[PDB]
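Numbered from 1 within each chain, the chains take letters A, B, ... in sequence-line order.
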Amino acid sequence: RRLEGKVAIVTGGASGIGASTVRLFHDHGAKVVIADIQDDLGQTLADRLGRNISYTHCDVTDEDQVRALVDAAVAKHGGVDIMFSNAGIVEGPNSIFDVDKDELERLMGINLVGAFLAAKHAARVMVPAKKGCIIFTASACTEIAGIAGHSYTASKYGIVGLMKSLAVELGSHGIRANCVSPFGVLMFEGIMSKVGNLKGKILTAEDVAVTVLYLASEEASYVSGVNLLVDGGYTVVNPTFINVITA
Amino acid sequence: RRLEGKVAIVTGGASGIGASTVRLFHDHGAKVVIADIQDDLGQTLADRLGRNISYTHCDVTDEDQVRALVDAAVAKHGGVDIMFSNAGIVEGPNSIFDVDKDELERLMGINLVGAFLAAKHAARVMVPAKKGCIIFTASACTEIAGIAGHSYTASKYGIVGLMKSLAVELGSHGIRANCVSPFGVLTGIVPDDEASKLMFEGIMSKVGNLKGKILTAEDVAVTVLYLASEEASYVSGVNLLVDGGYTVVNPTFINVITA
Amino acid sequence: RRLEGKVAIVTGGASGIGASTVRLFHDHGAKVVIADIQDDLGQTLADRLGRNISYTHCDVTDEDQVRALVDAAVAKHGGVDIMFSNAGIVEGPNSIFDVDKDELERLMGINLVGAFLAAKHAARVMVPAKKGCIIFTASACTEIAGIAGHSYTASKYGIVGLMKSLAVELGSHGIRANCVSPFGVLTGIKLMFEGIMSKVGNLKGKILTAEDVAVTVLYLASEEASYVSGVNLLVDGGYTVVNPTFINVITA
Amino acid sequence: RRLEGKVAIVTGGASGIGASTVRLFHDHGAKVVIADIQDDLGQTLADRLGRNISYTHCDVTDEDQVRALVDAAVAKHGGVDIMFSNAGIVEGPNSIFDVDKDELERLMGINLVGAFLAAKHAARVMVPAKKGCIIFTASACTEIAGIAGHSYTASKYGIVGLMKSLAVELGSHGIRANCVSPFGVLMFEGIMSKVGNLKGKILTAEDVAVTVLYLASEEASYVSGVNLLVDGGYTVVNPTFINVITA
Ligand SMILES: NC(=O)c1ccc[n+]([C@@H]2O[C@H](COP(=O)([O-])OP(=O)(O)OC[C@H]3O[C@@H](n4cnc5c(N)ncnc54)[C@H](O)[C@@H]3O)[C@@H](O)[C@H]2O)c1
Ligand SMILES: [Cl-]
Ligand SMILES: [Cl-]
């Protein structure tokens, strides 16, 4: 009901948060182009959900695959309303001595260059429509340390800067750019229930997906430039002091 | 719908943003008690809105009125799910030479002390329930200067500090706390002249970064609905700006070089 | 001697951070008016330091006392170059059920209302001179929760907002306004406290004292920061940038 | 003389802000290794200044040169106290349609990958010394839009993220990590005087160097994790609104 008639591309959408966002976008009447490099998962999901969900293989590090992905969406569906640049790779907390220059440049290619390209070509076709919404997947590590590795946090910080620069530029054309910075997805929930600030609730892929839905829906028509954290308050506190003197 | 069976108290709900949230919360099936000091506006709206909408006069600077507001709401409905601490007064851009120690202490009492009290007694009844959501109305001036007066911006900065410390404290009980920072909504700030309205909105469209839509009270209401909905079940500690990116840009540099 | 010929007023300057900044400003050649309400401590410091240090009793809650403080500094010294609004009262981490409306309004008067007044009358004499620097004492609690109480946290946040609008307004007259946000709970803290320092401080091997915070104010007030305005400069050893819970549960 | 006996490496130190910091570091009694790829400027500068200023050519995108830059510096002077990771390239305000994947990757290598490497090998040799300070040159564009290009802005956000996670990790070894984010230093002064928020004063390289001196001095012994802006308040205001309502 909320996304009726809208066309959304979700890179990295064959699995996890992107797949949860694809299904929820499908439930709200959006035509969704699943983009990923896991072709069996992507094709299986796009067929199971039905006629308005297609799949397109797209390694986001190849600008030509990306340009073609958006161009196939405009030809097939008339245009692109939503670009959910979610394709990335994740590393947990590490040390600066664990950073390998080739691993670093690879992560930067998927995480930062991939977001750059997915934005450029979403912007390429959105600008003439004088409509459009771009949502990147950052990470809660954009507002606190100790929950991701050095290469990962820096790539996600760069997405936030890209998101704000796109919000100002594409704002003149009625186009919004936003981030969602989730906290903990990929025994594991027991560890999450111990570290979360907001106790009781566990963070799931749909939880992040319904937040992307908000940012992409007309309900957030005036939300732009925003890196919306979904962390249950994890990033606003350093409990070390309180633990040493109250526990 | 999204708020069905939930009980929300909305301070400042007799006009503007608070009233738009009352109507929207009402449309989504919540029991809503309008809390305000404009008694004609507040009472008439709650009666016209219907059965699930009550009114309670409450000057938020008076802790006894605030304690009573929540206590009678708990008696009427069993508990409080949502507290939208929205009551406030606004100052436009001014000079530090215009601040009068009384006008400042008055501004602080309504905006910041009211925010503390509305949260204190909302937590009083929410903590035992192990459930609840508290939402404060801050201001876009909490992330940029040049769009509000000194006392007003300082009160809203203090609301943000309060929101984040409540997010940590009440988080142990499954209770969420968040802010909304709107950017110039046509409201009880602006008088009722259609002229005074079209001019406020027209300049807001000029100064706005995101062109092609105007920001209204209902737009802010739908974000409060999001923040209070279970759809934001893991969103806490956040000051969500609704400004179309106004606070992320200083266009002076680019303007000077397009000569 | 970085403050040669400069005249600085330091509210709350009879003790702690304010006293360390008065001494350091004195060492750098500034004429300093100590402003406080601890008259025993306040007068003793201004006399012991020497000829360029006077004292002026001033409750920052009283606009007439503060208006006199600035007017006396102008009378004795020609003008005001630096206003260090340091006067405040402190709360550690607490619960919102511990907040008393009268105690809240008292803290707000000293911490926030006082900062406004010291700025209004510092601006009063700085603007016609088309120069001046106003520095507030905020707190590291302005960037993280859990290291100050609700009332204290909100008052220092309000100082940060006040500082930024003054930075915009007073910038047009060549006047800079900045905050310093120390890690107050850890400043100048026995083997109990030494154990707590190692556990809670992020930058290990070092300790924060009042003298350390004074030199950051010296930096912020000197000409070394001629283009530094609008800044909330933390002196916290990086405490506010990390939530170590996650790695802690998974390293055990 | 605040830096007596301290050893500083300054990448990008043959010109601009890096050269200004080299001279000031020289005046405060530091041994400085000028690191740059402008060999004529860099070698001439290191010779003019004297005994305590040497030169080392170093492309920061080449980890082997960077690993060598630190190792030759430790060999010559005993250790590295200050690492001023200043080497970078600049992009002005532009459009997302102007970003070319190869220019994007080139800028990213110099600005961000250089920052990772320069910190990694400074961290390599600082950690055993249980002392040390790393200072990155970020940018005012990390706190406001409209004053730099998309690729540059994202690279500088990434430096800030790197700095924050390094501040947490290397803090355990008594090592500090901070940024400096200057505004307009790289006809011209009239534009700066009318775009600046703090009127009456103009920002120069000498100004940024003394802020770097502060951050590198022991006067800042408990400052870590900070991105210190030197912008005269430019990033804290959007004056568009007040302009329209004043005349
Ligand atoms: N309208 C804008 O442009 C804008 C922009 C940013 C932030 N805000 C914030 O939105 C908040 C809500 O105000 P609004 O914009 O909806 O205008 P409004 O005047 O229409 O509504 C504010 C309500 O608070 C009530 N109020 C004043 N003092 C009170 C007290 N002691 N106790 C209880 N209620 C009291 C008023 O009666 C009013 O019904 C304000 O706190 C304001 O700071 C507004
Ligand atoms: Cl009324
Ligand atoms: Cl900002």
Can you tell me which of D:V237, D:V236, D:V244, D:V195 forms the most heavy-atom pairs within a distance under 4.5 Å of chain B? D:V237
Is there a side-chain contact between B:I144 and D:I144 in this structure, where contact means two heavy atoms from C-beta onward sitting under 4.5 Å apart? yes
Structural part of D:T246 lying under 4.5 Å from a heavy atom of chain B: neither
On a heavy-atom basis, the closest approach of D:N238 and B:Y246 is O-OH, 2.6 Å
Flag side-chain contact, heavy atom, 4.5 Å: D:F241 against B:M204: yes
B:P251 versus D:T240, closest heavy-atom pair with distance: CG-OG1, 3.2 Å
I'd like to know whether CG of B:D193 has more than 12 heavy-atom contacts from other residues, nucleotides or ligands below 6.0 angstrom. yes
Just wondering, more than 12 heavy atoms not from D:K194 lying within 6.0 Å of its NZ? no
Interatomic distance, B:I147 atom CD1 to D:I245 atom CD1 [nearest 0.5 angstrom]: 11.0 Å
